[PDB]
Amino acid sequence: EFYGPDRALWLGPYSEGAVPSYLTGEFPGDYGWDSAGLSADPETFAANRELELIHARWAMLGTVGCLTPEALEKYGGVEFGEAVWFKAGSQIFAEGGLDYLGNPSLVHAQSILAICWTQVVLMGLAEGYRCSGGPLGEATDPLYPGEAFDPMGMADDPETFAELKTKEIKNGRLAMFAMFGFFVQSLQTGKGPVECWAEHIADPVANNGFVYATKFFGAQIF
């Protein structure tokens, strides 16, 4: 019910008139949603599927990456320089630098210029290998190469492969949706996601988003 003509659509029963002809159920995540007609061209639709999933993979890492140090500081008694994700980058400018987990023996980076231009070379080469191949194999598929990147062979079965593609893109869209939550939540409340959540569950009727509705993405206008 996630592929083919009898798949799930993005409006449930009210989908009978809101699914374009080119969204036929072939690709993962096809809920028949393209109201803006941005993927009518088959080549562009291929590009947007590549844009979407690559984003979804970064968001999946992002939600765990943003929540982990804040959850470790608030519930694991760990002492980071800055454990909140939107302030975490700034701990490179403090005295002592960026000590991993607060431990000065771990990483302990002192120069943002080294962090920056090391990432440029590594990610520059790594992304170059993604489009045209490199040390860890040939780029047989822009999203699912599954050579060195499927060591446990979880994509070997063609039938479960089709279902795993669905699980990947649905969890990824949830992660992207959450990362967008982090962004506006941080501008609006000024606090980290863990702290936002904790404050909310304590008094959900009083600790929700509408408390900050008088600000425009942080800015207190009017």
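Numbers follow the displayed sequence, beginning with 1.
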property	result
Mean C-alpha B-factor comparison - 158-166 and 27-35, higher one	158-166
Residue range whose averaged C-alpha B-factor is higher in the record, 168-176 or 44-52	168-176
Modelled-residue ranking by C-alpha temperature factor, third containing residue 86	lowest
Chain-relative CA temperature factor third for residue 201	highest
Residue 190 CA temperature factor, ranked by third within the chain	lowest
Residue 209 - which third its CA temperature factor falls in, relative to the rest of the chain	middle
Residue 69 - which third its CA temperature factor falls in, relative to the rest of the chain	middle
